[PDB]
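Listing of query39.txt, compact mmCIF, C-alpha atoms
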```txt
# COMPACT_ATOMS: atom_id res chain seq x y z
CA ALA A 1 -189.79 78.30 74.32
CA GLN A 2 -192.42 77.16 76.82
CA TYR A 3 -195.24 78.89 74.93
CA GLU A 4 -194.84 78.36 71.17
CA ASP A 5 -196.80 79.76 68.27
CA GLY A 6 -198.52 76.81 66.67
CA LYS A 7 -198.56 74.85 69.93
CA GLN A 8 -200.69 76.33 72.77
CA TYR A 9 -201.94 79.01 70.45
CA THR A 10 -201.81 80.19 66.87
CA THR A 11 -201.39 83.60 65.33
CA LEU A 12 -204.03 85.03 63.01
CA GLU A 13 -202.44 85.86 59.66
CA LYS A 14 -205.17 88.50 59.33
CA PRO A 15 -205.24 90.30 62.74
CA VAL A 16 -208.48 92.03 63.75
CA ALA A 17 -208.22 95.68 64.76
CA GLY A 18 -210.23 96.93 67.73
CA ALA A 19 -211.15 93.38 68.76
CA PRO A 20 -212.07 92.64 72.40
CA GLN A 21 -209.15 91.84 74.70
CA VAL A 22 -210.36 88.33 75.49
CA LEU A 23 -213.09 86.96 73.26
CA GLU A 24 -214.73 83.56 73.74
CA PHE A 25 -217.22 81.98 71.33
CA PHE A 26 -219.65 79.15 72.04
CA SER A 27 -222.95 77.58 71.10
CA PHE A 28 -225.50 76.08 73.47
CA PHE A 29 -225.61 73.14 70.95
CA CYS A 30 -221.88 72.59 71.16
CA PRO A 31 -220.94 69.47 73.19
CA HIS A 32 -217.38 70.56 73.96
CA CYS A 33 -218.81 73.98 74.94
CA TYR A 34 -221.03 72.26 77.53
CA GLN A 35 -217.87 70.60 78.86
CA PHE A 36 -215.94 73.89 78.79
CA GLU A 37 -218.57 75.73 80.71
CA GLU A 38 -220.42 73.24 82.88
CA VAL A 39 -217.57 70.87 83.80
CA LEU A 40 -214.24 72.67 83.22
CA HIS A 41 -215.46 76.24 83.93
CA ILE A 42 -212.95 77.68 81.45
CA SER A 43 -214.47 81.19 81.33
CA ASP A 44 -214.36 81.48 85.08
CA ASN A 45 -210.82 80.22 85.59
CA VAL A 46 -209.53 82.39 82.78
CA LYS A 47 -211.18 85.45 84.34
CA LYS A 48 -209.72 84.87 87.76
CA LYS A 49 -206.22 84.91 86.29
CA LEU A 50 -206.56 87.84 83.88
CA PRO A 51 -204.37 90.92 84.54
CA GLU A 52 -206.01 94.07 85.92
CA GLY A 53 -207.90 96.07 83.30
CA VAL A 54 -208.44 93.18 80.89
CA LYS A 55 -212.15 92.52 80.28
CA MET A 56 -213.79 89.28 79.08
CA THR A 57 -216.33 88.99 76.32
CA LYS A 58 -218.35 85.89 75.49
CA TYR A 59 -220.45 85.55 72.33
CA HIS A 60 -222.88 83.00 70.93
CA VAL A 61 -222.72 81.74 67.32
CA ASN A 62 -225.27 80.91 64.60
CA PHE A 63 -223.60 78.08 62.70
CA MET A 64 -224.93 75.27 64.91
CA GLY A 65 -228.53 74.22 65.39
CA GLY A 66 -230.25 76.01 62.52
CA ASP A 67 -233.18 78.21 63.41
CA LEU A 68 -232.95 77.46 67.15
CA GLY A 69 -229.27 78.24 66.98
CA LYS A 70 -230.10 81.76 65.79
CA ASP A 71 -232.81 82.17 68.45
CA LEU A 72 -230.15 81.33 71.01
CA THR A 73 -227.81 84.02 69.67
CA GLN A 74 -230.68 86.50 70.09
CA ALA A 75 -231.42 85.10 73.56
CA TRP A 76 -227.77 85.47 74.54
CA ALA A 77 -228.03 89.10 73.36
CA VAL A 78 -230.97 89.45 75.77
CA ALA A 79 -228.90 87.84 78.52
CA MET A 80 -226.09 90.34 77.93
CA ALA A 81 -228.43 93.30 77.73
CA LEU A 82 -230.14 92.37 81.00
CA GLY A 83 -226.92 91.20 82.65
CA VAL A 84 -228.29 87.78 83.57
CA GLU A 85 -225.69 85.56 81.89
CA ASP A 86 -224.92 83.93 85.22
CA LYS A 87 -228.56 83.01 85.72
CA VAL A 88 -229.38 81.49 82.36
CA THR A 89 -226.17 79.85 81.12
CA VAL A 90 -226.64 76.62 83.11
CA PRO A 91 -230.36 76.11 82.33
CA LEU A 92 -229.84 76.94 78.63
CA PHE A 93 -227.02 74.38 78.33
CA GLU A 94 -228.98 71.76 80.25
CA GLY A 95 -232.22 72.55 78.38
CA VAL A 96 -230.55 72.06 75.00
CA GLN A 97 -228.14 69.20 75.79
CA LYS A 98 -229.22 67.44 78.99
CA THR A 99 -233.01 67.40 79.25
CA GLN A 100 -233.57 68.41 75.61
CA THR A 101 -236.58 70.48 76.64
CA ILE A 102 -235.58 73.49 74.56
CA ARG A 103 -237.13 73.08 71.12
CA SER A 104 -238.52 76.53 70.41
CA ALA A 105 -238.04 80.22 71.02
CA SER A 106 -240.85 79.91 73.58
CA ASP A 107 -238.93 77.19 75.46
CA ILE A 108 -235.92 79.52 75.60
CA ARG A 109 -238.13 82.24 77.02
CA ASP A 110 -239.35 79.79 79.70
CA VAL A 111 -235.77 79.49 80.94
CA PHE A 112 -235.54 83.23 81.55
CA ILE A 113 -238.97 83.32 83.24
CA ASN A 114 -238.03 80.45 85.54
CA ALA A 115 -234.82 82.35 86.29
CA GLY A 116 -236.90 85.31 87.45
CA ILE A 117 -236.77 87.63 84.46
CA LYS A 118 -240.27 89.07 84.02
CA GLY A 119 -242.12 88.21 80.82
CA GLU A 120 -242.71 91.79 79.74
CA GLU A 121 -239.08 92.62 80.43
CA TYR A 122 -237.80 89.63 78.47
CA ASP A 123 -240.17 90.35 75.57
CA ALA A 124 -239.27 94.05 75.55
CA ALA A 125 -235.57 93.19 75.41
CA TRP A 126 -236.09 90.46 72.79
CA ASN A 127 -237.73 92.94 70.42
CA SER A 128 -235.43 95.86 71.25
CA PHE A 129 -232.93 97.53 68.94
CA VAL A 130 -230.27 97.40 71.65
CA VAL A 131 -230.57 93.60 71.40
CA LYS A 132 -230.52 93.80 67.57
CA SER A 133 -227.20 95.63 67.73
CA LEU A 134 -225.87 93.10 70.26
CA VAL A 135 -226.81 90.32 67.82
CA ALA A 136 -224.92 92.28 65.15
CA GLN A 137 -221.86 92.60 67.40
CA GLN A 138 -221.83 88.83 67.96
CA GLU A 139 -222.13 88.13 64.28
CA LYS A 140 -219.47 90.67 63.34
CA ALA A 141 -216.91 89.35 65.83
CA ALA A 142 -217.32 85.79 64.55
CA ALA A 143 -217.08 87.02 60.96
CA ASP A 144 -213.88 89.00 61.67
CA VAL A 145 -211.98 85.82 62.63
CA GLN A 146 -213.64 83.61 59.99
CA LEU A 147 -215.03 81.47 62.80
CA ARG A 148 -215.99 77.88 61.93
CA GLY A 149 -215.84 76.00 65.16
CA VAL A 150 -216.51 76.35 68.83
CA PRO A 151 -215.44 76.53 71.56
CA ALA A 152 -212.87 79.17 70.60
CA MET A 153 -210.99 81.89 72.39
CA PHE A 154 -209.11 84.85 70.96
CA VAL A 155 -206.77 87.33 72.62
CA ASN A 156 -206.55 90.91 71.30
CA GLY A 157 -207.71 89.89 67.85
CA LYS A 158 -204.27 88.41 67.24
CA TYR A 159 -203.99 85.01 68.90
CA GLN A 160 -206.25 81.96 68.98
CA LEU A 161 -206.09 79.42 71.80
CA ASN A 162 -205.13 75.91 70.76
CA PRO A 163 -206.27 73.51 73.51
CA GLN A 164 -205.51 70.41 71.44
CA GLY A 165 -201.87 71.04 72.26
CA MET A 166 -202.51 70.22 75.98
CA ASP A 167 -202.80 67.16 78.35
CA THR A 168 -206.45 66.31 79.20
CA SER A 169 -205.64 63.42 81.65
CA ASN A 170 -206.35 65.74 84.57
CA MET A 171 -209.16 68.25 84.04
CA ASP A 172 -207.90 70.69 86.72
CA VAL A 173 -204.43 70.84 85.18
CA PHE A 174 -205.79 71.41 81.66
CA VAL A 175 -207.96 74.31 82.84
CA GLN A 176 -205.07 76.08 84.58
CA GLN A 177 -202.79 75.59 81.59
CA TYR A 178 -205.51 77.10 79.44
CA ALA A 179 -205.92 80.00 81.86
CA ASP A 180 -202.17 80.55 82.25
CA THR A 181 -201.85 80.56 78.45
CA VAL A 182 -204.52 83.27 78.11
CA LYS A 183 -202.75 85.36 80.77
CA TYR A 184 -199.42 84.94 78.96
CA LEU A 185 -201.04 85.93 75.66
CA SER A 186 -202.62 88.93 77.35
CA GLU A 187 -199.22 90.18 78.51
CA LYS A 188 -197.68 89.82 75.04
```

Taking this structure as input, can you express it in the form of structure tokens?
Amino acid sequence: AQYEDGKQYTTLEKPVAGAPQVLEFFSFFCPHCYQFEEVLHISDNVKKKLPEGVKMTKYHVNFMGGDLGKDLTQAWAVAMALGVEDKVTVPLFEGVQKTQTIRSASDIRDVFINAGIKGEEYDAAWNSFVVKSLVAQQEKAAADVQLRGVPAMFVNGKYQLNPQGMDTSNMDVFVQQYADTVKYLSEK
């Protein structure tokens, strides 16, 4: 067939019940994740081709970057809670990987402040139980699929995207194949 298990995607032998429809994992330390997000815009091109009624979830992971890595998972929880993902994703990626000006939890906080989130409102969220449960959600979702590398995308807790089975000569063409594959998997 045109889409083949083991080629553009794989099937989890241990499917995850109640999993988000489309679930993407990343780390702000992850070089291919910087490419995915800042250069290829995978999340965005996938979303624009998703069927009606299929929602997209994106979670951060702990297993890169040690202590700062965990701070970033908590910061991403804050971003989700406040709904400012689209204001902090670029400066967090560039702060960690481009300028390398993010070295501490305080430096992460600076990104949100510069983006216009008020200090008290960031700090309140950071220390909130709603953020603690969002951190838990992120950790649980990664645990459920035994996650060991990023970037990664999962559809309905059953299928895992396999971008290595795709031509990267042209970036535009790769992105649309990736997006078309997610849409196909979503209609399965």

Which one of A:169, A:57, A:162, A:104 sits closest to residue A:9 if you count all atoms listed in the file?
A:162

Residues near residue A:103, cut-off 12 Å, only C-alpha atoms, skip fewer than 5 positions along chain, as a VMD selection string:
chain A and resid 29 65 to 69 71 to 72 92 95 to 97 108 to 111

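Atom CA of residue A:56 is positioned 6.9 Å from atom CA of residue A:21.
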
Could you give me, as a PyMOL selection string, the residues within 10 Å of stretch 148-150 of chain A, counting all atoms listed in the file and dropping anything in the same chain fewer than 3 positions from it?
chain A and resi 24-27+29-33+60-61+63-64+142-143+145+153

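Using only C-alpha atoms for every distance, the candidate list A:123, A:44, A:5, A:107 yields A:123 as the residue closest to residue A:82.
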
Can you work out which one of A:136, A:54, A:42, A:88 has the shortest atom-to-atom distance to residue A:116, counting only C-alpha atoms?
A:88

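Near residue A:129, within 12 Å and counting only C-alpha atoms, sit residues 74, 77, 78, 81, 124, 134, 135 and 136 of chain A; same-chain residues fewer than 5 positions away were not included.
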
For residue A:132, the nearest of the candidates A:175, A:73, A:50, A:100, counting only C-alpha atoms:
A:73

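Reported to one decimal place, the separation of atom CA of residue A:164 from atom CA of residue A:10 is 11.4 Å.
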
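The closest residue to residue A:168, picked from A:23, A:1, A:18, A:40 and counting only C-alpha atoms, is A:40.
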
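Coordinates place atom CA of residue A:105 at a distance of 10.6 Å from atom CA of residue A:126.
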
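Considering the residues A:51, A:83, A:15, A:151 and counting all atoms listed in the file, residue A:37 has its shortest atom-to-atom contact with A:151.
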
Is it possible to get the axis-aligned box enclosing stretch 47-53 of chain A (all listed atoms, 6 Å extra per side) as AutoDock Vina command-line options, with centre and edge lengths in Å rounded to one decimal?
```
--center_x -207.8 --center_y 90.5 --center_z 85.5 --size_x 18.8 --size_y 23.2 --size_z 16.5
```

At a cut-off of 12 Å, using only C-alpha atoms, what residues contact residue A:86? Leave out same-chain residues fewer than 4 positions from it and give the result as a PyMOL selection string.
chain A and resi 37-38+43-44+58+76+79-80+82+90-93+112+115

Distance query residue A:154 at most 7 Å, all atoms listed in the file, self and fewer than 2 positions along chain excluded, as a PyMOL selection string:
chain A and resi 22-24+152+156-157+159-161

Write a file for stretch 45-79 of chain A of the given structure; include N, CA, C and O atoms and format it as a PDB file, in the first residue's frame.
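Okay, this is what ended up in result-v8.pdb:
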```
ATOM      1  N   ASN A  45       1.663  22.720  10.326  1.00  0.00           N
ATOM      2  CA  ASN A  45       1.209  22.109   9.084  1.00  0.00           C
ATOM      3  C   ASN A  45       0.382  20.857   9.308  1.00  0.00           C
ATOM      4  O   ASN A  45      -0.518  20.556   8.534  1.00  0.00           O
ATOM      5  N   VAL A  46       0.680  20.131  10.374  1.00  0.00           N
ATOM      6  CA  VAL A  46      -0.178  19.027  10.772  1.00  0.00           C
ATOM      7  C   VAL A  46      -1.560  19.569  11.147  1.00  0.00           C
ATOM      8  O   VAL A  46      -2.579  19.076  10.659  1.00  0.00           O
ATOM      9  N   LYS A  47      -1.603  20.619  11.963  1.00  0.00           N
ATOM     10  CA  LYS A  47      -2.889  21.118  12.444  1.00  0.00           C
ATOM     11  C   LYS A  47      -3.796  21.619  11.335  1.00  0.00           C
ATOM     12  O   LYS A  47      -5.003  21.367  11.342  1.00  0.00           O
ATOM     13  N   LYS A  48      -3.206  22.261  10.344  1.00  0.00           N
ATOM     14  CA  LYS A  48      -3.993  22.795   9.257  1.00  0.00           C
ATOM     15  C   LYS A  48      -4.575  21.708   8.356  1.00  0.00           C
ATOM     16  O   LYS A  48      -5.480  21.966   7.566  1.00  0.00           O
ATOM     17  N   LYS A  49      -4.100  20.478   8.501  1.00  0.00           N
ATOM     18  CA  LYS A  49      -4.652  19.405   7.686  1.00  0.00           C
ATOM     19  C   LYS A  49      -5.453  18.389   8.485  1.00  0.00           C
ATOM     20  O   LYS A  49      -5.970  17.426   7.910  1.00  0.00           O
ATOM     21  N   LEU A  50      -5.547  18.570   9.800  1.00  0.00           N
ATOM     22  CA  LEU A  50      -6.323  17.639  10.616  1.00  0.00           C
ATOM     23  C   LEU A  50      -7.821  17.742  10.330  1.00  0.00           C
ATOM     24  O   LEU A  50      -8.342  18.842  10.124  1.00  0.00           O
ATOM     25  N   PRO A  51      -8.513  16.587  10.326  1.00  0.00           N
ATOM     26  CA  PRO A  51      -9.973  16.540  10.159  1.00  0.00           C
ATOM     27  C   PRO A  51     -10.662  17.407  11.200  1.00  0.00           C
ATOM     28  O   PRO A  51     -10.035  17.750  12.204  1.00  0.00           O
ATOM     29  N   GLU A  52     -11.923  17.757  10.970  1.00  0.00           N
ATOM     30  CA  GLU A  52     -12.702  18.485  11.968  1.00  0.00           C
ATOM     31  C   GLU A  52     -12.882  17.649  13.230  1.00  0.00           C
ATOM     32  O   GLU A  52     -13.101  16.436  13.157  1.00  0.00           O
ATOM     33  N   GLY A  53     -12.765  18.295  14.385  1.00  0.00           N
ATOM     34  CA  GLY A  53     -12.985  17.627  15.657  1.00  0.00           C
ATOM     35  C   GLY A  53     -11.806  16.843  16.209  1.00  0.00           C
ATOM     36  O   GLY A  53     -11.928  16.174  17.236  1.00  0.00           O
ATOM     37  N   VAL A  54     -10.665  16.917  15.532  1.00  0.00           N
ATOM     38  CA  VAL A  54      -9.441  16.306  16.046  1.00  0.00           C
ATOM     39  C   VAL A  54      -8.514  17.382  16.613  1.00  0.00           C
ATOM     40  O   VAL A  54      -8.059  18.266  15.887  1.00  0.00           O
ATOM     41  N   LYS A  55      -8.285  17.316  17.925  1.00  0.00           N
ATOM     42  CA  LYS A  55      -7.470  18.294  18.645  1.00  0.00           C
ATOM     43  C   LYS A  55      -6.008  17.866  18.761  1.00  0.00           C
ATOM     44  O   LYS A  55      -5.701  16.665  18.806  1.00  0.00           O
ATOM     45  N   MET A  56      -5.118  18.857  18.823  1.00  0.00           N
ATOM     46  CA  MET A  56      -3.677  18.626  18.944  1.00  0.00           C
ATOM     47  C   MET A  56      -3.109  18.950  20.307  1.00  0.00           C
ATOM     48  O   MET A  56      -3.360  20.013  20.865  1.00  0.00           O
ATOM     49  N   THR A  57      -2.328  18.021  20.826  1.00  0.00           N
ATOM     50  CA  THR A  57      -1.673  18.198  22.104  1.00  0.00           C
ATOM     51  C   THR A  57      -0.166  18.157  21.935  1.00  0.00           C
ATOM     52  O   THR A  57       0.349  17.309  21.229  1.00  0.00           O
ATOM     53  N   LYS A  58       0.535  19.074  22.583  1.00  0.00           N
ATOM     54  CA  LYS A  58       2.001  19.052  22.532  1.00  0.00           C
ATOM     55  C   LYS A  58       2.585  19.084  23.933  1.00  0.00           C
ATOM     56  O   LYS A  58       2.253  19.961  24.715  1.00  0.00           O
ATOM     57  N   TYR A  59       3.430  18.111  24.259  1.00  0.00           N
ATOM     58  CA  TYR A  59       4.030  18.053  25.591  1.00  0.00           C
ATOM     59  C   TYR A  59       5.553  18.073  25.599  1.00  0.00           C
ATOM     60  O   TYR A  59       6.201  17.528  24.706  1.00  0.00           O
ATOM     61  N   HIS A  60       6.106  18.658  26.657  1.00  0.00           N
ATOM     62  CA  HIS A  60       7.543  18.703  26.870  1.00  0.00           C
ATOM     63  C   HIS A  60       8.007  17.473  27.653  1.00  0.00           C
ATOM     64  O   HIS A  60       7.197  16.846  28.336  1.00  0.00           O
ATOM     65  N   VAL A  61       9.282  17.101  27.519  1.00  0.00           N
ATOM     66  CA  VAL A  61       9.826  15.930  28.197  1.00  0.00           C
ATOM     67  C   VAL A  61      11.004  16.262  29.105  1.00  0.00           C
ATOM     68  O   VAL A  61      11.687  17.273  28.919  1.00  0.00           O
ATOM     69  N   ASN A  62      11.232  15.390  30.088  1.00  0.00           N
ATOM     70  CA  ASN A  62      12.284  15.573  31.091  1.00  0.00           C
ATOM     71  C   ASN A  62      13.638  14.978  30.732  1.00  0.00           C
ATOM     72  O   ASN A  62      14.637  15.346  31.342  1.00  0.00           O
ATOM     73  N   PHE A  63      13.692  14.028  29.802  1.00  0.00           N
ATOM     74  CA  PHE A  63      14.898  13.209  29.698  1.00  0.00           C
ATOM     75  C   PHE A  63      16.048  13.873  28.918  1.00  0.00           C
ATOM     76  O   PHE A  63      17.039  13.225  28.608  1.00  0.00           O
ATOM     77  N   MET A  64      15.915  15.151  28.580  1.00  0.00           N
ATOM     78  CA  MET A  64      17.070  15.891  28.082  1.00  0.00           C
ATOM     79  C   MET A  64      17.330  17.111  28.950  1.00  0.00           C
ATOM     80  O   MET A  64      16.402  17.764  29.406  1.00  0.00           O
ATOM     81  N   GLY A  65      18.602  17.427  29.146  1.00  0.00           N
ATOM     82  CA  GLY A  65      18.986  18.657  29.816  1.00  0.00           C
ATOM     83  C   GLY A  65      18.909  18.694  31.325  1.00  0.00           C
ATOM     84  O   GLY A  65      18.889  19.768  31.904  1.00  0.00           O
ATOM     85  N   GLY A  66      18.834  17.537  31.973  1.00  0.00           N
ATOM     86  CA  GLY A  66      18.915  17.506  33.424  1.00  0.00           C
ATOM     87  C   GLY A  66      17.929  18.373  34.171  1.00  0.00           C
ATOM     88  O   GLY A  66      16.720  18.353  33.912  1.00  0.00           O
ATOM     89  N   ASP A  67      18.455  19.134  35.127  1.00  0.00           N
ATOM     90  CA  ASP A  67      17.608  19.965  35.962  1.00  0.00           C
ATOM     91  C   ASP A  67      16.857  21.024  35.149  1.00  0.00           C
ATOM     92  O   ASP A  67      15.657  21.216  35.332  1.00  0.00           O
ATOM     93  N   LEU A  68      17.554  21.663  34.210  1.00  0.00           N
ATOM     94  CA  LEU A  68      16.936  22.694  33.368  1.00  0.00           C
ATOM     95  C   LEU A  68      15.854  22.107  32.487  1.00  0.00           C
ATOM     96  O   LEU A  68      14.834  22.743  32.221  1.00  0.00           O
ATOM     97  N   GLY A  69      16.100  20.887  32.030  1.00  0.00           N
ATOM     98  CA  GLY A  69      15.121  20.129  31.286  1.00  0.00           C
ATOM     99  C   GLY A  69      13.821  20.002  32.039  1.00  0.00           C
ATOM    100  O   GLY A  69      12.742  20.169  31.447  1.00  0.00           O
ATOM    101  N   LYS A  70      13.893  19.678  33.337  1.00  0.00           N
ATOM    102  CA  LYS A  70      12.670  19.579  34.148  1.00  0.00           C
ATOM    103  C   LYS A  70      11.994  20.926  34.365  1.00  0.00           C
ATOM    104  O   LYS A  70      10.762  21.003  34.356  1.00  0.00           O
ATOM    105  N   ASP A  71      12.797  21.964  34.606  1.00  0.00           N
ATOM    106  CA  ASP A  71      12.274  23.329  34.714  1.00  0.00           C
ATOM    107  C   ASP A  71      11.496  23.696  33.466  1.00  0.00           C
ATOM    108  O   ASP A  71      10.456  24.343  33.549  1.00  0.00           O
ATOM    109  N   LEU A  72      11.994  23.276  32.304  1.00  0.00           N
ATOM    110  CA  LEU A  72      11.313  23.588  31.061  1.00  0.00           C
ATOM    111  C   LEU A  72       9.995  22.832  30.916  1.00  0.00           C
ATOM    112  O   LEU A  72       9.035  23.367  30.362  1.00  0.00           O
ATOM    113  N   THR A  73       9.915  21.600  31.413  1.00  0.00           N
ATOM    114  CA  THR A  73       8.631  20.907  31.441  1.00  0.00           C
ATOM    115  C   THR A  73       7.625  21.668  32.321  1.00  0.00           C
ATOM    116  O   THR A  73       6.450  21.837  31.956  1.00  0.00           O
ATOM    117  N   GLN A  74       8.085  22.159  33.468  1.00  0.00           N
ATOM    118  CA  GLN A  74       7.206  22.955  34.325  1.00  0.00           C
ATOM    119  C   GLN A  74       6.828  24.287  33.654  1.00  0.00           C
ATOM    120  O   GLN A  74       5.687  24.748  33.733  1.00  0.00           O
ATOM    121  N   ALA A  75       7.783  24.891  32.957  1.00  0.00           N
ATOM    122  CA  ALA A  75       7.518  26.142  32.257  1.00  0.00           C
ATOM    123  C   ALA A  75       6.533  25.939  31.115  1.00  0.00           C
ATOM    124  O   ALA A  75       5.694  26.804  30.857  1.00  0.00           O
ATOM    125  N   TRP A  76       6.632  24.803  30.430  1.00  0.00           N
ATOM    126  CA  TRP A  76       5.694  24.487  29.367  1.00  0.00           C
ATOM    127  C   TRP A  76       4.291  24.273  29.959  1.00  0.00           C
ATOM    128  O   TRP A  76       3.306  24.662  29.358  1.00  0.00           O
ATOM    129  N   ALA A  77       4.219  23.662  31.136  1.00  0.00           N
ATOM    130  CA  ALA A  77       2.960  23.566  31.871  1.00  0.00           C
ATOM    131  C   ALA A  77       2.381  24.964  32.124  1.00  0.00           C
ATOM    132  O   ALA A  77       1.190  25.194  31.912  1.00  0.00           O
ATOM    133  N   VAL A  78       3.227  25.907  32.545  1.00  0.00           N
ATOM    134  CA  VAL A  78       2.777  27.285  32.718  1.00  0.00           C
ATOM    135  C   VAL A  78       2.271  27.874  31.410  1.00  0.00           C
ATOM    136  O   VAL A  78       1.247  28.555  31.389  1.00  0.00           O
ATOM    137  N   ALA A  79       3.003  27.624  30.327  1.00  0.00           N
ATOM    138  CA  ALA A  79       2.616  28.110  29.012  1.00  0.00           C
ATOM    139  C   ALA A  79       1.242  27.580  28.615  1.00  0.00           C
ATOM    140  O   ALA A  79       0.427  28.315  28.064  1.00  0.00           O
TER     141      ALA A  79
END
```
